[PDB]
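Engineer: Protein chains in written order, with PDB author numbering: chain A, 1 to 51; chain B, 289 to 299, 307 to 335, 341 to 675, 686 to 796, 802 to 858; chain C, 471 to 503, 527 to 559, 563 to 653, 699 to 757, 773 to 793, 809 to 930; chain D, 296 to 404, 410 to 413; chain E, 153 to 175, 179 to 280; chain F, 153 to 175, 179 to 280; chain G, 457 to 555; chain H, 78 to 130, 138 to 192.
Dropping a structure here in structure tokens format, bear with me for questions.
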Amino acid sequence: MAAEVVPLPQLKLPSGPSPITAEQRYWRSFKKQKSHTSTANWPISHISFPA
Amino acid sequence: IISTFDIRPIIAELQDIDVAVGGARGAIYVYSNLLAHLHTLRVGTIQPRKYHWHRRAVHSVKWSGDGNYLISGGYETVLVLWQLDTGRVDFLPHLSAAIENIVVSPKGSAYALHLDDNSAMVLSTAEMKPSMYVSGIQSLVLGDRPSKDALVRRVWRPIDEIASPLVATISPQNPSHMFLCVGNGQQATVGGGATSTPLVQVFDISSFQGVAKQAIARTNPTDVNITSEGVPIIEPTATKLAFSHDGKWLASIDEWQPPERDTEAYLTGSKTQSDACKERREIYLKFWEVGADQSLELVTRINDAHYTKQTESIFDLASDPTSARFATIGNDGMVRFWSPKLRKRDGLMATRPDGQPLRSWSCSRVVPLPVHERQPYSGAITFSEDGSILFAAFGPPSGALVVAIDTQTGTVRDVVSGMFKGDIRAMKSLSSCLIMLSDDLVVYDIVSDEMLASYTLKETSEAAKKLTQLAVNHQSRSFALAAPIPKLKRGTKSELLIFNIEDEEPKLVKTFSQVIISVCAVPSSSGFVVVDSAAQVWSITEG
Amino acid sequence: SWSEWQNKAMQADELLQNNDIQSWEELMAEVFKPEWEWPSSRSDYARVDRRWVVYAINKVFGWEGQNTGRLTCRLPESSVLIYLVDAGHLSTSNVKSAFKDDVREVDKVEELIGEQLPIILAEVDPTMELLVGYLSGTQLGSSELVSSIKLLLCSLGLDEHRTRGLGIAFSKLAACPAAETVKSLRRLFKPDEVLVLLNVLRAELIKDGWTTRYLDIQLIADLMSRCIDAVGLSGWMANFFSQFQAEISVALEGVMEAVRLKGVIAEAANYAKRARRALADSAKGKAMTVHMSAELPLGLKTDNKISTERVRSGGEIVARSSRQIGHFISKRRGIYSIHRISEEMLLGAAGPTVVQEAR
Amino acid sequence: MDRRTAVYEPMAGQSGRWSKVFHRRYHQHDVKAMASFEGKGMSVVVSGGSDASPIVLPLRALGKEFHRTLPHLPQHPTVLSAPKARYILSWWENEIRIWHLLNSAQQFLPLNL
Amino acid sequence: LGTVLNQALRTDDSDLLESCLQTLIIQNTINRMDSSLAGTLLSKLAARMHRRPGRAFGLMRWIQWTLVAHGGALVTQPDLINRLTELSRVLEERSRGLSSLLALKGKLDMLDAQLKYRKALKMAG
Amino acid sequence: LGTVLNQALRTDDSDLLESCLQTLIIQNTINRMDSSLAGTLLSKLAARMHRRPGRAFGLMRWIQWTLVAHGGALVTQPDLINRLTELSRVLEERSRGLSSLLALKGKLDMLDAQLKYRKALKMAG
Amino acid sequence: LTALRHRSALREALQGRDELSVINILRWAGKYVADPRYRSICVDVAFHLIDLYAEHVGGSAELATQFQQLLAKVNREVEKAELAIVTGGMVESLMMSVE
Amino acid sequence: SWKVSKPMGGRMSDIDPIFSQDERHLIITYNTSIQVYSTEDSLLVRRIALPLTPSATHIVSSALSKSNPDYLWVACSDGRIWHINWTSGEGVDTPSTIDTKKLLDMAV
RNA sequence: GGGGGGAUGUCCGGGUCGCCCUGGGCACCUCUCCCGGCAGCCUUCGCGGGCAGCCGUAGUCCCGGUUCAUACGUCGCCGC
């Protein structure tokens, strides 16, 4: 039973009383930003997509 | 200094012998031909071939079969193979413990190893996997043959001693299994001046085989066992380990401080090296979920369970027999109740990848304990058999006191003082009475507020006074203590006392030829299970 | 052996109904091991047993059941009572074990008995030497200690036996945890009695010398902080608190100054000790590196003598050869040194004189 | 080049099979050259390396006698002094370095050294 | 002020050292002090600090600057090393309650600012 | 800055909260802050103090003045004591390590004293 | 570094350095004493560096800044640790008054 | 009322664990026990318990009889020698002393 | 480290004044026993015990100023 060579495990350090949650990273993962301006700087009324 | 030797015959006559002497400094000296050198007053110059790889003493050397290879094994947990036709060397490096003995099969195929952690593995050659594995109880043993690297006056000379009792629980939901704390090997456990037992094993009682093994504290089997100076490393010892009411949780405490030789540069004023090592302690409190296949999984780890200006020692933990709740008593004074909640930050729960939610343990209750300082305090706790009341002995010298605390509310239901002569060793709670031992042993009923039986135990050394301990049965109301008969050494005797709850006469008085290191209670049935130094296990039962 | 104690208790019951206190007191003297002379040590008392302790408190003290009772002196003039005080058996667990019958319905029993008992000892003796002995002898909870401090401040706030116990109870109530001290102090104290106590603690702080300078602690800060949190805003809500925090800031600056001077002075003292060792050995002639001038060196490092042992592989210990010791000494010389050999060396008696270049 | 010297003798039994009897690090740098001699009651092997110290090993009594490190400094002292002028003097590759000492030793019985 | 500190310590005077104690010139004073005489200055500063707890805003600059320029002369005097190693032992004993006394400073910085709060609110209402 | 702080703590902003935290002003801000957002401010200050250790002075000043101004405003809350519990946890971690750090501060103060002494010598030489 | 404290070899790891890498480890120690999540390991490394390399501080001026700049941040971390135990008293006062 | 079972388990002694003939069983000698396991399934086939009782007497050596297999030679520290046969237990209750001071080793 | 002595070198009252001594300060060599370690040889199964012990400091003919380190099975890309 030769034990398999394991590397050094990184330390699970404790987290403060407001960690970045799974859903906060999930909504931060909407990464790539493209800002398309409207014609003549018109305010955008409504966006929509079909079901 | 000769540790071992293996002779091979060069042959239906006997033409020559080849001797391989494994010495205590680490080398293996191969004397190639002896009968043709000492057959012929005058002899020619004989000069052994030196093969030096092991740092410490080489425990076993054997020639292998045809005579091409010289297999060997020492403290460094590595089976080494000297190629001996070339100059090369190939090794099976990371076993569990020290290679204490090897043999070669009648054919050339199999090797059989006696590993220092009470084990034997028949390996096959160049598959190099154990085709036969047999494990034992692996507890601390006072060895008969002392040690093979205690011959040459090392930095820490290995001593056959037992400093503390074995940490073991029989597990409910499967009372044939016994969880107990072990190190990598026996010699690697006792080496370094402290017990370094960062592993547990599950050991079958009904058929005496070590079923499985797992790490609790941090361990590095794949790193070097010895520092560059020559001291063996110590690993965090699992001091307190006790098991939940359900059969589904397990809470352990493991402590580690740096060695006294190591500080040397943290000393500023009146700080000695012991004070610096005591300041730099690491006391983790880890909660384990026990699976169906005896596989432990972490759920939480608390880095500082009792904290003030510095970290505080944790003296005992206990499981509530009616709920999933662990009480821990510390050196700050307070008793903390830990309970499992689900992981849920803002209503969005966190679940495992298969779907079940992640449980996590946290401190449900804090109870500060009252102190009564007349002009180094240790603790002990136990629940009732019903729950709903937790008895907490708080332990300055001679003046010490037990506090009976409710569980549903954090208020103190009772306090009882003046019942301890020295420092408290342990305390258990049978059906109505507290059975507690200090220098005295007292059964003290709290439903009557009256001590029934009181004994003044015989005065002995501090090691034996540390190695006395008891255990209650909780099914048939009987308790059992254990005390070696009066520094500790090999030939000592111990005697255990079976008491009932009601009388003062001991119901069974049996002495043993070796000192018993642990007593435990089987949870399903009556009786006890005791584990000896020369590590054999035997069960005591009424009827 | 319960029946023997039961017969002895029935005999003491017969002595109680005879109302002959003297042979009862002599029987208690025989059990505890009239004249009634004392050993002069609070510690050196012989060990007695719990049932006789329980019977002693049951005969001495008394209870009134009207849904709440009152301990009273059935024997207010008793050597048995002063022995219970000096031997410290007057604990709440002891008196509850003595009175398990009448108190089993009573609630808040620790608070009632801890409020009532030091008052009872103080009304027994107006000189309260028995109260100071009780403070020094018995395991005491925070309610008992705050009532005892109330009693000593009632007495004050021939003339030192009270201030001794005033010093004792501060140490005990500093040993107690914060929760019981705060709740018992808030119960049993008035918010001007606390101001009296905070003037006593200011007398223990300023007269001790913390605010006072030089050219012209942990057990009192706990008491001050616990009293301040026990009053809180409901008691006070002037310039008294501004001068209060001024003197506490002054004492804090003193303690921080003591920290800095502690570190510096301890390091200089340890260097001076080891340098004294090395200079003694260099005067013997072992030729180590020592600093010459009177300022401190940059690295506070002294060269030790070479140990007689060597750590071989793998960890073993062997004797140092004098050859290797000479090699390390040859390392320990500098690049220039004057090494005077004397005629006494050439005769074989003395040692040389080495003066080496300061590195 | 691992400053290592290893000694091999033939394995007993089979012919033409050598094996390393023992190795030891005699030098402090690599062992670049060595040569043996065996005659008039003297079997030595002299190994010179990069630490300028020729090390003489006994050949036939190897493992039975200590070796010997010959001096790396030359046999001629190569240090000369004018004592009336207190000049010490030493020469190597093409330079002559002359030091003057300016004072006695009786004066100094460490900032001035 | 270099020559007033020399004479005040050789005679073990009580008054003349204090005349120089209350008054960068202080640093240039002790760099020219005789070193066996400099240990006499440390003996009395450790004598007053050991007998009673207190503070001194000027002596923190004084004691440290002498232990650097004239701490290497401490090897010559075996009496002063033992006096300084019992001095740094008792200065630990003042240091143990620094944590509990800082929490006392917190409550007084809380209540005094709250008593001033209601008094401002009576003039605000 | 009271209404701005009210907006930031009421709609869980970061830009408004940081631009009002980076800046008398602090006392007026916490005195004009709403009572119900005080626990939200405590939690959002404990979070920044854990996540970044270099901002401890200003954040302890903010927490100090909040606990001065709205003390009983947190007691009339009382089922939300867990924000004070997380605050106690963060400050306990901040005050971890103090005895060893004081020892190391003394070990460095000796080196700084010797370096300043040799600079004071080298300027006059 | 925790593995090098657990295996007894932090002194061995720090004892063989030269000037620039001592400055590098001092710069890491100064930068990362601030986090109390590894203040202990970082202070231990600074202990061993003071014990090992405090002799060349007049020899090299750039290391003499890096010992002074590490006292400069250790001096600001007692004030942070004293203000957090000042403020920890006020939180302790409020939880007493809730009762 | 209470009874104590006979001791089971054991610590594996440093005497070499001997292979059987035809390599199918392994004979491991503990303190106070000698038991034969099978090499294939790693289940024990026999446990020959050995009465040790004189504080520290230990099993000194053990070897197969080289004249005939399926025999043993087990020797203690004091003079005691057993000639048991594995796959059975004939020989435990009949030892043979040797009149030693203390038996340090034996080889067959 | 102490308990103590024989002897080195020294100033302050000093002494008929010399050998130095008493009173104070002392640093060293040597002797003496207890302190911490290390080995041998008898006794006993061990535990322990007994006997004569060396080391706690300094530089060597040459020279231990050495000897000593933990495998294979398989690599790459991207995703959750």
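For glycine and all other residues, C-beta sits at the position ideal for the given N, C-alpha and C.
Using the beta-carbon of each residue, which ones in chain B are nearer than 7 Å to residue 244 of chain E?
Structural biologist: Within chain B, the residues near residue 244 of chain E are 570.
Engineer: Please report the distance separating the alpha-carbon of residue 127 of chain H from that of residue 13 of chain A.
Structural biologist: When rounded, the distance between both Cα atoms is 53 Å.
Engineer: By Cβ distance, which residues of its chain are closer than 8 Å to residue 410 of chain G, with the 5 residues on each side in sequence left out?
Structural biologist: No information on residue 410 of chain G is available, as it lies outside the stretch 457 to 555 that chain G covers here.
Engineer: Using the rule of at least 16 other Cβ atoms within 10 Å of the residue's Cβ for burial, across every protein chain shown, is residue 471 of chain G buried or exposed?
Structural biologist: The residue in question, residue 471 of chain G, is exposed, as its Cβ has fewer than 16 Cβ neighbours within 10 Å.
Engineer: Quick check: the Cα distance between residue 189 of chain E and residue 537 of chain G, rounded to an integer number of angstroms?
Structural biologist: Roughly 41 Å between the two C-alpha positions.
Engineer: Rank B/504, B/507, B/535, B/755 by C-alpha distance to the C-alpha of residue 516 of chain B and give the top, closest one.
Structural biologist: For residue 516 of chain B, the nearest C-alpha among the options comes from B/535.
Engineer: Along chain D, in chain order, which residues have C-beta atoms closer than 9 Å to that of residue 929 of chain C?
Structural biologist: Per Cβ cutoff of 9 Å: 410, 411, 413.
Engineer: Note down, in chain order, all residues in the region 863-888 of chain C with a beta-carbon under 9 Å from any beta-carbon belonging to chain D.
Structural biologist: Residues passing the 9 Å Cβ filter: 863, 864.
Engineer: In the DSSP assignment, find the alpha helix (DSSP H) that holds residue 738 of chain B and state where it starts and stops.
Structural biologist: Premise fails: residue 738 of chain B lies in the beta strand (DSSP E), 736-739, not in any alpha helix (DSSP H).
Engineer: For a contact meaning CB atoms closer than 7 Å, what does residue 813 of chain C contact in chain E?
Structural biologist: Those within 7 Å of residue 813 of chain C in chain E are 267.
Engineer: Using a Cβ cut-off of 7 Å, which residues of the region 727-750 of chain B contact any Cβ in chain C, in chain order?
Structural biologist: Cβ contacts with chain C come from 727, 728.
Engineer: Classify residue 770 of chain B as helix, strand or coil using the three-state DSSP reduction.
Structural biologist: In this structure, residue 770 of chain B counts as coil in the three-state DSSP scheme.
Engineer: For the alpha helix (DSSP H) that contains residue 481 of chain B, what are its first and last residues?
Structural biologist: Where residue 481 of chain B is concerned, there is no enclosing alpha helix (DSSP H), although the beta strand (DSSP E) it sits in stretches over 477-482.
Engineer: Between the alpha carbons of residue 300 of chain D and residue 294 of chain B, how many angstroms are there, rounded?
Structural biologist: Spanning the two alpha carbons is a distance of roughly 29 Å.
Engineer: For chain B, is any of its Cβ atoms less than 7 Å away from the one on residue 503 of chain G?
Structural biologist: Chain B contact via Cβ: present.
Engineer: Could you work out which residue in C/733, C/533, C/886 is closest to residue 453 of chain B when comparing CA atoms only?
Structural biologist: Comparing Cα-Cα distances from residue 453 of chain B to each of C/733, C/533, C/886, the minimum goes to C/886.
Engineer: Return the chain-ordered list of same chain residues with a C-beta closer than 8 Å to the C-beta of residue 217 of chain F, the five sequence neighbours on each side being excluded.
Structural biologist: 173, 181, 185, 196, 200, listed in sequence order.
Engineer: For chain F, check one thing: does any of its Cβ atoms lie closer than 7 Å to the Cβ of residue 527 of chain G?
Structural biologist: Yes, residue 527 of chain G lies at the interface with chain F (some Cβ there is under 7 Å from its Cβ).
Engineer: DSSP state of residue 353 of chain D, grouped into three classes?
Structural biologist: Of the three classes helix, strand and coil, the one that applies to residue 353 of chain D here is strand, per DSSP.
Engineer: Taking the C-alpha atoms as reference points, what is the distance between residue 170 of chain E and residue 164 of chain E?
Structural biologist: Taking the straight line joining both Cα atoms gives about 12 Å.
Engineer: Taking only beta-carbon atoms, is residue 260 of chain F less than 7 Å away from chain G?
Structural biologist: So, interface residue.
Engineer: Compute the Euclidean distance between the alpha carbons of residue 853 of chain C and residue 239 of chain E, then round it to the nearest angstrom.
Structural biologist: Each residue's alpha carbon lies about 24 Å from the other.
Engineer: Closer than 9 Å by beta-carbon distance: list the chain B residues that pair up with residue 347 of chain D, in chain order.
Structural biologist: Result: empty, since nearest Cβ-Cβ is about 29 Å, beyond 9 Å.
Engineer: Look up residue 835 of chain B in the DSSP assignment and give the residues it is bridged to.
Structural biologist: The partner list for residue 835 of chain B (beta bridge, DSSP) reads B/844.
Engineer: Output yes if chain B places a C-beta closer than 7 Å to the C-beta of residue 644 of chain C; else output no.
Structural biologist: No - not a single Cβ of chain B is within 7 Å of the one on residue 644 of chain C.
Engineer: Residue 548 of chain G and residue 268 of chain E look like a contact to me (Cβ under 8 Å); what is the Cβ gap, rounded to whole Å?
Structural biologist: Actually they do not touch by this definition, with Cβ atoms about 17 Å apart.
Engineer: If you measure from the beta carbon of residue 495 of chain G to each beta carbon in chain B, is any gap under 7 Å?
Structural biologist: Taking Cβ atoms only, chain B never reaches closer than 7 Å to residue 495 of chain G, which makes this a no.
Engineer: Starting from the C-beta of residue 383 of chain D, find all residues in its chain whose C-beta is less than 6 Å away, skip the five residues before and the five after it, and write them out in chain order.
Structural biologist: Cβ within range, chain order: 376, 394.
Engineer: Grab me the residues of residue 521 of chain B's own chain with a C-beta within less than 6 Å of its C-beta, minus the 5 sequence neighbours each way, in chain order.
Structural biologist: Cβ within range, chain order: 394.
Engineer: Residues of chain B with a CB under 8 Å from the CB of residue 253 of chain F: which are they?
Structural biologist: Correct list: 609.
Engineer: So residue 756 of chain C and residue 211 of chain E are in contact, right, with Cβ under 8 Å, and what is the actual spacing, rounded?
Structural biologist: Confirmed, about 6 Å.
Engineer: For the putative contact between residue 739 of chain B and residue 693 of chain B, defined by C-beta atoms under 8 Å, what is the C-beta separation to the nearest angstrom?
Structural biologist: Yes, residue 739 of chain B and residue 693 of chain B are in contact; Cβ-Cβ is about 7 Å, under 8 Å.
Engineer: Hey, quick one: how far does the alpha helix (DSSP H) through residue 469 of chain B stretch, first residue to last?
Structural biologist: It is not in any alpha helix (DSSP H) - residue 469 of chain B instead sits in the beta strand (DSSP E) that spans 468-470.
Engineer: Answer yes if the region 435-444 of chain B comes into contact with the region 110-126 of chain H, meaning at least three C-beta pairs across the two stretches below 8 Å, and no otherwise.
Structural biologist: No contact exists between the region 110-126 of chain H and the region 435-444 of chain B.
Engineer: Which residue wins for smallest C-alpha separation from residue 643 of chain B, given the options A/22, A/30, A/51?
Structural biologist: Closest option to residue 643 of chain B, Cα to Cα, is A/22.
Engineer: State the CB to CB distance for the pair residue 613 of chain B and residue 583 of chain B, rounded to an integer number of angstroms; the pair is presumed to be in contact (CB under 8 Å).
Structural biologist: Right, their Cβ atoms sit about 7 Å apart.
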